[PDB]
file protein-v1.tsv (TSV, C-alpha atoms)
chain	number	residue	atom	x	y	z
A	2	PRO	CA	12.11	5.12	-6.29
A	3	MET	CA	9.35	5.15	-3.70
A	4	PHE	CA	9.87	4.00	-0.06
A	5	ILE	CA	6.98	3.69	2.38
A	6	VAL	CA	7.19	2.80	6.06
A	7	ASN	CA	4.08	2.01	8.11
A	8	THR	CA	4.75	1.75	11.84
A	9	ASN	CA	3.11	1.70	15.26
A	10	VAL	CA	5.82	4.07	16.57
A	11	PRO	CA	4.14	7.35	17.56
A	12	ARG	CA	4.52	10.51	15.45
A	13	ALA	CA	6.46	12.36	18.19
A	14	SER	CA	9.08	9.58	18.15
A	15	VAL	CA	9.89	10.20	14.45
A	16	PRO	CA	12.88	12.56	14.65
A	17	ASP	CA	13.33	15.77	12.75
A	18	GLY	CA	15.22	15.20	9.52
A	19	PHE	CA	14.08	11.59	9.05
A	20	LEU	CA	12.51	11.99	5.61
A	21	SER	CA	15.65	13.78	4.30
A	22	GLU	CA	17.89	11.16	5.74
A	23	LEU	CA	15.84	8.42	4.01
A	24	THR	CA	15.92	10.39	0.75
A	25	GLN	CA	19.70	10.82	0.87
A	26	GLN	CA	20.53	7.25	1.86
A	27	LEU	CA	18.18	5.80	-0.78
A	28	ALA	CA	19.64	8.03	-3.48
A	29	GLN	CA	23.05	6.60	-2.60
A	30	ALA	CA	21.94	2.98	-2.27
A	31	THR	CA	19.87	2.84	-5.48
A	32	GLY	CA	22.20	5.13	-7.44
A	33	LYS	CA	19.23	7.26	-8.56
A	34	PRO	CA	19.30	11.05	-8.20
A	35	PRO	CA	17.62	12.39	-4.99
A	36	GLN	CA	15.19	14.41	-7.13
A	37	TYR	CA	13.60	11.06	-8.12
A	38	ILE	CA	13.34	9.56	-4.63
A	39	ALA	CA	9.99	9.72	-2.82
A	40	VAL	CA	9.58	8.74	0.82
A	41	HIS	CA	6.54	8.34	3.06
A	42	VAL	CA	6.33	7.55	6.80
A	43	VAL	CA	3.04	6.58	8.45
A	44	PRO	CA	3.25	6.51	12.28
A	45	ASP	CA	0.68	5.68	14.96
A	46	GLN	CA	-0.60	2.60	13.12
A	47	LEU	CA	-2.68	-0.27	14.55
A	48	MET	CA	-0.41	-3.18	13.77
A	49	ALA	CA	1.08	-6.35	15.18
A	50	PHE	CA	4.10	-8.39	14.17
A	51	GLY	CA	4.25	-12.03	15.25
A	52	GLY	CA	1.28	-11.49	17.59
A	53	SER	CA	2.77	-8.58	19.55
A	54	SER	CA	2.57	-4.79	19.38
A	55	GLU	CA	6.13	-3.77	20.31
A	56	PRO	CA	7.58	-1.35	17.73
A	57	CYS	CA	7.50	-2.82	14.22
A	58	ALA	CA	7.40	-1.67	10.59
A	59	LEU	CA	5.87	-2.84	7.33
A	60	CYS	CA	7.55	-1.21	4.37
A	61	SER	CA	7.84	-1.24	0.60
A	62	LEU	CA	10.44	-0.11	-1.94
A	63	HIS	CA	9.32	0.26	-5.56
A	64	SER	CA	12.06	1.03	-8.09
A	65	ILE	CA	12.47	0.92	-11.86
A	66	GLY	CA	15.29	-1.62	-11.77
A	67	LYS	CA	18.05	-1.71	-9.12
A	68	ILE	CA	16.19	-4.62	-7.49
A	69	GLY	CA	17.73	-8.08	-7.05
A	70	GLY	CA	19.11	-10.59	-4.59
A	71	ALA	CA	22.32	-8.84	-3.50
A	72	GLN	CA	20.94	-5.33	-3.91
A	73	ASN	CA	17.90	-6.16	-1.76
A	74	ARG	CA	20.11	-7.56	1.02
A	75	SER	CA	22.07	-4.30	0.98
A	76	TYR	CA	18.90	-2.19	1.04
A	77	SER	CA	17.59	-4.24	3.99
A	78	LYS	CA	20.76	-3.71	6.05
A	79	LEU	CA	20.61	0.00	5.30
A	80	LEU	CA	16.89	0.45	5.99
A	81	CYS	CA	16.68	-1.81	9.07
A	82	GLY	CA	19.71	0.10	10.40
A	83	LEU	CA	17.95	3.42	9.97
A	84	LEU	CA	14.69	2.15	11.51
A	85	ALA	CA	16.64	0.76	14.50
A	86	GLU	CA	18.77	3.90	15.03
A	87	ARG	CA	16.05	6.47	14.44
A	88	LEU	CA	12.75	4.76	15.36
A	89	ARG	CA	14.10	2.15	17.86
A	90	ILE	CA	12.52	-0.71	15.88
A	91	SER	CA	14.21	-4.11	16.14
A	92	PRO	CA	15.35	-5.38	12.69
A	93	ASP	CA	13.54	-8.70	13.32
A	94	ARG	CA	10.23	-6.75	13.49
A	95	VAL	CA	10.64	-5.15	10.01
A	96	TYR	CA	9.33	-6.48	6.70
A	97	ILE	CA	10.25	-4.72	3.43
A	98	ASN	CA	8.58	-5.74	0.18
A	99	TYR	CA	10.80	-5.00	-2.87
A	100	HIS	CA	9.14	-4.37	-6.25
A	101	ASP	CA	10.96	-4.07	-9.58
A	102	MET	CA	8.62	-1.84	-11.65
A	103	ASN	CA	8.65	-1.67	-15.42
A	104	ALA	CA	8.99	1.93	-16.67
A	105	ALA	CA	5.71	1.70	-18.62
A	106	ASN	CA	3.93	0.79	-15.31
A	107	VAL	CA	5.01	3.99	-13.49
A	108	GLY	CA	3.01	7.13	-14.08
A	109	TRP	CA	4.59	10.55	-13.62
A	110	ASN	CA	4.07	14.02	-15.10
A	111	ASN	CA	0.95	13.19	-17.22
A	112	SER	CA	2.62	10.12	-18.83
A	113	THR	CA	4.81	7.14	-17.83
A	114	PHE	CA	8.57	6.60	-17.60
A	115	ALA	CA	8.51	4.40	-20.74
B	2	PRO	CA	2.91	-13.07	5.66
B	3	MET	CA	1.51	-9.56	5.83
B	4	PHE	CA	-2.22	-8.72	5.89
B	5	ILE	CA	-3.39	-5.12	5.57
B	6	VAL	CA	-6.99	-3.93	5.74
B	7	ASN	CA	-7.92	-0.32	4.92
B	8	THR	CA	-11.52	0.57	5.78
B	9	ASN	CA	-13.95	3.44	6.27
B	10	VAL	CA	-15.36	1.71	9.38
B	11	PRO	CA	-14.60	3.88	12.44
B	12	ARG	CA	-11.83	2.96	14.89
B	13	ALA	CA	-14.27	2.41	17.78
B	14	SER	CA	-15.98	-0.29	15.67
B	15	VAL	CA	-12.77	-2.39	15.49
B	16	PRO	CA	-13.06	-4.99	18.31
B	17	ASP	CA	-10.40	-5.36	20.93
B	18	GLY	CA	-8.78	-8.63	20.01
B	19	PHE	CA	-9.10	-8.12	16.22
B	20	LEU	CA	-5.38	-8.03	15.43
B	21	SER	CA	-4.81	-11.15	17.57
B	22	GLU	CA	-7.70	-12.95	15.85
B	23	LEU	CA	-6.34	-12.08	12.41
B	24	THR	CA	-2.89	-13.29	13.47
B	25	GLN	CA	-4.19	-16.63	14.70
B	26	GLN	CA	-6.56	-17.23	11.80
B	27	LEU	CA	-3.86	-16.35	9.20
B	28	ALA	CA	-1.31	-18.59	10.90
B	29	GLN	CA	-3.81	-21.45	10.64
B	30	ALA	CA	-4.80	-20.59	7.04
B	31	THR	CA	-1.31	-20.11	5.60
B	32	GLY	CA	0.27	-22.86	7.68
B	33	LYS	CA	3.01	-20.39	8.73
B	34	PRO	CA	4.06	-19.83	12.39
B	35	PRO	CA	2.27	-16.90	14.10
B	36	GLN	CA	5.68	-15.34	14.71
B	37	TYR	CA	5.93	-14.57	10.97
B	38	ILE	CA	2.42	-13.11	10.57
B	39	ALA	CA	2.09	-9.32	10.48
B	40	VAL	CA	-1.30	-7.59	10.55
B	41	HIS	CA	-2.26	-3.94	10.04
B	42	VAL	CA	-5.69	-2.38	10.30
B	43	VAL	CA	-6.39	1.19	9.13
B	44	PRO	CA	-9.88	2.50	10.09
B	45	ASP	CA	-11.54	5.87	9.45
B	46	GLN	CA	-10.46	6.00	5.79
B	47	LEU	CA	-11.86	8.23	3.04
B	48	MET	CA	-12.86	5.56	0.51
B	49	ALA	CA	-15.66	4.43	-1.79
B	50	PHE	CA	-16.58	1.15	-3.46
B	51	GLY	CA	-18.80	1.26	-6.52
B	52	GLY	CA	-19.23	5.00	-5.90
B	53	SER	CA	-20.76	4.33	-2.45
B	54	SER	CA	-19.43	5.27	1.00
B	55	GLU	CA	-21.22	2.41	2.76
B	56	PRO	CA	-18.76	0.20	4.76
B	57	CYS	CA	-16.06	-1.31	2.58
B	58	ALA	CA	-12.50	-2.61	2.79
B	59	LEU	CA	-9.46	-2.67	0.56
B	60	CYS	CA	-6.97	-5.30	1.66
B	61	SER	CA	-3.81	-7.13	0.68
B	62	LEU	CA	-2.16	-10.39	1.64
B	63	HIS	CA	1.54	-10.75	0.76
B	64	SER	CA	3.11	-14.15	1.37
B	65	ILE	CA	6.23	-16.07	0.29
B	66	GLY	CA	4.28	-18.88	-1.36
B	67	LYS	CA	0.96	-20.29	-0.11
B	68	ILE	CA	-0.76	-18.17	-2.82
B	69	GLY	CA	-2.78	-19.76	-5.65
B	70	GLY	CA	-6.22	-20.29	-7.18
B	71	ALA	CA	-7.79	-22.58	-4.58
B	72	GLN	CA	-5.84	-21.13	-1.63
B	73	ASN	CA	-6.93	-17.59	-2.49
B	74	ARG	CA	-10.59	-18.68	-2.72
B	75	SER	CA	-10.23	-20.18	0.77
B	76	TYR	CA	-8.49	-17.06	2.14
B	77	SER	CA	-11.23	-14.90	0.67
B	78	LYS	CA	-14.05	-16.84	2.38
B	79	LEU	CA	-12.12	-16.71	5.68
B	80	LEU	CA	-11.21	-13.04	5.51
B	81	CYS	CA	-14.53	-11.77	4.17
B	82	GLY	CA	-16.17	-13.83	6.93
B	83	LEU	CA	-14.06	-12.08	9.58
B	84	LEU	CA	-14.69	-8.64	8.09
B	85	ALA	CA	-18.44	-9.33	8.00
B	86	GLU	CA	-18.64	-10.70	11.53
B	87	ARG	CA	-16.28	-8.27	13.26
B	88	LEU	CA	-16.46	-5.04	11.18
B	89	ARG	CA	-19.97	-5.47	9.71
B	90	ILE	CA	-18.66	-5.12	6.13
B	91	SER	CA	-20.54	-6.84	3.35
B	92	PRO	CA	-18.35	-9.35	1.46
B	93	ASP	CA	-19.33	-7.76	-1.85
B	94	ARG	CA	-17.66	-4.49	-0.67
B	95	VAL	CA	-14.25	-6.09	0.02
B	96	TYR	CA	-11.30	-6.42	-2.32
B	97	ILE	CA	-8.26	-8.48	-1.31
B	98	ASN	CA	-5.14	-8.37	-3.50
B	99	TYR	CA	-3.04	-11.51	-3.12
B	100	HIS	CA	0.72	-11.30	-3.81
B	101	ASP	CA	3.09	-14.27	-4.03
B	102	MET	CA	6.45	-12.72	-3.08
B	103	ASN	CA	9.81	-14.21	-3.95
B	104	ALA	CA	11.99	-14.72	-0.88
B	105	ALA	CA	14.76	-12.53	-2.38
B	106	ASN	CA	12.22	-9.67	-2.59
B	107	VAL	CA	11.30	-9.66	1.12
B	108	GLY	CA	13.58	-7.84	3.54
B	109	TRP	CA	13.71	-8.76	7.22
B	110	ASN	CA	16.34	-8.58	9.97
B	111	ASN	CA	19.04	-6.71	7.96
B	112	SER	CA	18.82	-9.14	5.00
B	113	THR	CA	16.22	-10.98	2.90
B	114	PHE	CA	14.52	-14.37	3.21
B	115	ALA	CA	16.47	-15.80	0.20
C	2	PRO	CA	-10.00	-1.28	-10.37
C	3	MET	CA	-8.59	0.04	-7.11
C	4	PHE	CA	-7.09	3.55	-7.04
C	5	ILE	CA	-5.26	4.83	-3.95
C	6	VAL	CA	-3.79	8.30	-3.50
C	7	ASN	CA	-1.58	9.21	-0.56
C	8	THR	CA	-0.76	12.92	-0.26
C	9	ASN	CA	0.62	15.58	2.06
C	10	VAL	CA	-2.24	17.92	0.99
C	11	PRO	CA	-4.41	18.56	4.05
C	12	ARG	CA	-7.87	17.03	4.42
C	13	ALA	CA	-9.63	20.40	4.15
C	14	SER	CA	-8.07	20.92	0.70
C	15	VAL	CA	-9.68	17.76	-0.66
C	16	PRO	CA	-12.86	19.09	-2.30
C	17	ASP	CA	-16.28	17.66	-1.73
C	18	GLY	CA	-17.21	15.25	-4.52
C	19	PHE	CA	-13.65	14.11	-5.20
C	20	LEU	CA	-14.16	10.37	-4.57
C	21	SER	CA	-17.23	10.38	-6.81
C	22	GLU	CA	-15.34	12.22	-9.60
C	23	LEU	CA	-12.49	9.69	-9.36
C	24	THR	CA	-14.95	6.80	-9.52
C	25	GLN	CA	-16.74	8.19	-12.59
C	26	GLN	CA	-13.61	9.10	-14.50
C	27	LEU	CA	-11.89	5.76	-13.75
C	28	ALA	CA	-14.94	3.81	-14.86
C	29	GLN	CA	-14.84	5.66	-18.18
C	30	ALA	CA	-11.07	5.41	-18.68
C	31	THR	CA	-10.78	1.72	-17.79
C	32	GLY	CA	-14.05	0.61	-19.46
C	33	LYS	CA	-15.00	-1.16	-16.23
C	34	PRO	CA	-18.47	-0.95	-14.74
C	35	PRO	CA	-18.67	1.68	-11.95
C	36	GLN	CA	-19.70	-0.97	-9.44
C	37	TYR	CA	-16.19	-2.51	-9.67
C	38	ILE	CA	-14.29	0.78	-9.05
C	39	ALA	CA	-12.82	1.39	-5.58
C	40	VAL	CA	-11.13	4.68	-4.62
C	41	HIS	CA	-9.20	5.74	-1.52
C	42	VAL	CA	-7.68	9.13	-0.66
C	43	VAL	CA	-5.29	9.59	2.25
C	44	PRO	CA	-4.51	13.26	3.06
C	45	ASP	CA	-2.24	14.81	5.72
C	46	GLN	CA	0.64	12.41	5.09
C	47	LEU	CA	4.27	12.80	6.11
C	48	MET	CA	5.95	12.48	2.73
C	49	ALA	CA	8.57	14.04	0.49
C	50	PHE	CA	9.21	13.91	-3.25
C	51	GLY	CA	12.72	14.76	-4.40
C	52	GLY	CA	13.60	15.72	-0.85
C	53	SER	CA	10.89	18.42	-0.86
C	54	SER	CA	7.72	18.71	1.22
C	55	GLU	CA	5.89	20.73	-1.43
C	56	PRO	CA	2.50	19.13	-2.39
C	57	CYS	CA	3.00	15.64	-3.86
C	58	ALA	CA	1.16	12.36	-4.27
C	59	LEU	CA	2.08	8.70	-4.26
C	60	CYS	CA	-0.57	6.53	-5.89
C	61	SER	CA	-1.42	3.08	-7.21
C	62	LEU	CA	-3.90	1.62	-9.68
C	63	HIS	CA	-4.52	-2.13	-9.51
C	64	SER	CA	-6.81	-3.59	-12.20
C	65	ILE	CA	-7.61	-6.99	-13.65
C	66	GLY	CA	-6.45	-6.18	-17.15
C	67	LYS	CA	-6.71	-2.77	-18.81
C	68	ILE	CA	-3.04	-2.08	-17.92
C	69	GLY	CA	-0.44	-1.44	-20.62
C	70	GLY	CA	1.82	1.17	-22.10
C	71	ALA	CA	-0.71	3.30	-23.95
C	72	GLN	CA	-3.49	2.75	-21.43
C	73	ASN	CA	-1.21	3.75	-18.54
C	74	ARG	CA	-0.13	6.94	-20.34
C	75	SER	CA	-3.82	7.81	-20.72
C	76	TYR	CA	-4.55	7.07	-17.05
C	77	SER	CA	-1.62	9.21	-16.00
C	78	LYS	CA	-2.83	12.21	-18.00
C	79	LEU	CA	-6.31	11.77	-16.53
C	80	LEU	CA	-5.19	11.30	-12.93
C	81	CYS	CA	-2.42	13.88	-12.86
C	82	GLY	CA	-4.96	16.29	-14.42
C	83	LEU	CA	-7.43	15.64	-11.61
C	84	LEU	CA	-4.77	15.91	-8.90
C	85	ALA	CA	-3.58	19.23	-10.37
C	86	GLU	CA	-7.08	20.68	-10.78
C	87	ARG	CA	-8.57	19.48	-7.50
C	88	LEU	CA	-5.61	19.11	-5.09
C	89	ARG	CA	-3.21	21.68	-6.67
C	90	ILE	CA	-0.45	19.06	-6.99
C	91	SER	CA	2.09	19.51	-9.79
C	92	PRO	CA	2.03	16.55	-12.22
C	93	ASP	CA	5.82	16.25	-11.86
C	94	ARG	CA	5.33	15.52	-8.11
C	95	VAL	CA	3.04	12.52	-8.68
C	96	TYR	CA	4.04	8.87	-8.96
C	97	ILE	CA	1.45	6.21	-9.92
C	98	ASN	CA	2.29	2.51	-9.72
C	99	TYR	CA	0.21	0.47	-12.19
C	100	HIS	CA	-0.42	-3.21	-11.47
C	101	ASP	CA	-2.09	-5.79	-13.75
C	102	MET	CA	-3.67	-8.30	-11.36
C	103	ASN	CA	-4.50	-11.87	-12.27
C	104	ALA	CA	-8.18	-12.61	-11.61
C	105	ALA	CA	-7.18	-15.56	-9.38
C	106	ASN	CA	-5.24	-13.11	-7.15
C	107	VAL	CA	-8.16	-10.77	-6.43
C	108	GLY	CA	-10.57	-11.70	-3.66
C	109	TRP	CA	-14.14	-10.35	-3.63
C	110	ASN	CA	-17.46	-11.54	-2.22
C	111	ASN	CA	-16.10	-14.65	-0.45
C	112	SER	CA	-14.23	-15.89	-3.56
C	113	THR	CA	-11.95	-14.64	-6.35
C	114	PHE	CA	-12.58	-13.37	-9.87
C	115	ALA	CA	-11.09	-16.43	-11.60
call {"tool": "encode", "arguments": {"input": "protein-v1.tsv", "output": "structure tokens"}}
result
Amino acid sequence: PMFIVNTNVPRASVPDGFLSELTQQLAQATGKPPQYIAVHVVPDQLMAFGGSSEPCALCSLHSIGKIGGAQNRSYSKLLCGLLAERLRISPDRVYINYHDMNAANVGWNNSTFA
Amino acid sequence: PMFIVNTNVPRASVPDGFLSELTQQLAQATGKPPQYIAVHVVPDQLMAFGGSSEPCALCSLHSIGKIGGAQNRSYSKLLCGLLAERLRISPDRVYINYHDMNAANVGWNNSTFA
Amino acid sequence: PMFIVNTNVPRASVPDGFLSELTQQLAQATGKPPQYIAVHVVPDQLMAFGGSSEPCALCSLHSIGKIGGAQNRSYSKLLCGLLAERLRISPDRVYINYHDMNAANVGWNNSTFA
């Protein structure tokens, strides 16, 4: 799985340990081993949410399966909770796009996961 | 909706007011309230279009509905017009990927839009 | 085609000529005319792969057609090979999301490709 967060929160406000925490929590939520989880945080962005520039985040989660109605609600609670606790971003200023990838459409290690 | 533009134009060349303009114009175009429009501009990027480093942009528009053949043509005229007028990017050096998202695949506010 | 690479490799480790090499090799691999190939490299990122901050890359290739099981395996060998040779990134620390775009969902030059 791959999780990306783009945010206007400044780099110095991203706490130590954040990428590991994301990795761990996503391994647990998706059921996939942590060795397969990739995470990416992009602070200091020029962004607005609903016409204002208070802290916000635009995110994506791509996974080979483990995407669906109930699962996505659970991921959103988890991820908004982490962004609120750690980055002080209000959950109503977070969007997360979920993408169920086919294995043949994910490249890795000179081939695909097919 | 979420609109992202990645460009090699320098940050100083992005007008004050640009995020607000995008917000307002996208609210009008999509028919969605401005409160739900998110915009993100990323200048100073290392990119090429057709092998050239002249000004260019790579963009995306994700929306729950309001995506289709005629709508996307209209969005493209609007958004290339704004990039031309405000960032001085030729329309033939812009790509915009349009994505019709299912509500169950968009997280927001500790849940999804489903 | 649009190819994006996000990496924790520093900017100074991205060799001169890399965008041009990507453009050329993607035009050949995809069959597409070089004029339609866009490339974007984003160094210095805060990212982890498998919990580890060793060099890694998170990438995407969007194309109107030319996406499929065998094609994507071929792209992955090409692109992981270039990332290994030029950026010193292990192929097993690269993910590439492949996306087959509908022509009606790609904006360019004030319109779409449909």
call {"tool": "atom_distance", "arguments": {"input": "protein-v1.tsv", "atom1": "atom CA of residue 78 of chain C", "atom2": "atom CA of residue 48 of chain C"}}
result
22.5 Å
call {"tool": "closest_residue", "arguments": {"input": "protein-v1.tsv", "among": "C:57, C:3, C:107, C:27", "to": "chain B", "atoms": "all atoms listed in the file"}}
result
C:107
call {"tool": "axis_aligned_box", "arguments": {"input": "protein-v1.tsv", "around": "segment 82-93 of chain B", "padding_each_side": "5 Å", "output": "JSON"}}
result
{"center_x": -17.3, "center_y": -9.4, "center_z": 5.7, "size_x": 16.5, "size_y": 18.8, "size_z": 25.1}
call {"tool": "interface_residues", "arguments": {"input": "protein-v1.tsv", "of": "chain B", "to": "chain C", "cutoff": "9 Å", "atoms": "all atoms listed in the file", "output": "ChimeraX atom specification"}}
result
/B:7,46-53,59,68-71,73-82,91-101
call {"tool": "residues_near_point", "arguments": {"input": "protein-v1.tsv", "point": "(1.2, -23.1, 2.8)", "cutoff": "7 Å", "atoms": "all atoms listed in the file", "output": "ChimeraX atom specification"}}
result
/B:31-33,66-67
call {"tool": "atom_distance", "arguments": {"input": "protein-v1.tsv", "atom1": "atom CA of residue 87 of chain B", "atom2": "atom CA of residue 60 of chain C"}}
result
28.9 Å
call {"tool": "atom_distance", "arguments": {"input": "protein-v1.tsv", "atom1": "atom CA of residue 56 of chain A", "atom2": "atom CA of residue 90 of chain A"}}
result
5.3 Å
call {"tool": "closest_residue", "arguments": {"input": "protein-v1.tsv", "among": "B:58, B:65, B:15, B:30", "to": "residue 88 of chain B", "atoms": "all atoms listed in the file"}}
result
B:15
call {"tool": "residues_around", "arguments": {"input": "protein-v1.tsv", "residues": "residue 89 of chain A", "least_positions_apart": "6", "cutoff": "9 Å", "atoms": "only C-alpha atoms", "output": "tab-separated table (two decimals) with C-alpha atoms, in the coordinates of the input"}}
result
chain	number	residue	atom	x	y	z
A	10	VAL	CA	5.82	4.07	16.57
A	14	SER	CA	9.08	9.58	18.15
A	56	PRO	CA	7.58	-1.35	17.73
A	83	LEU	CA	17.95	3.42	9.97
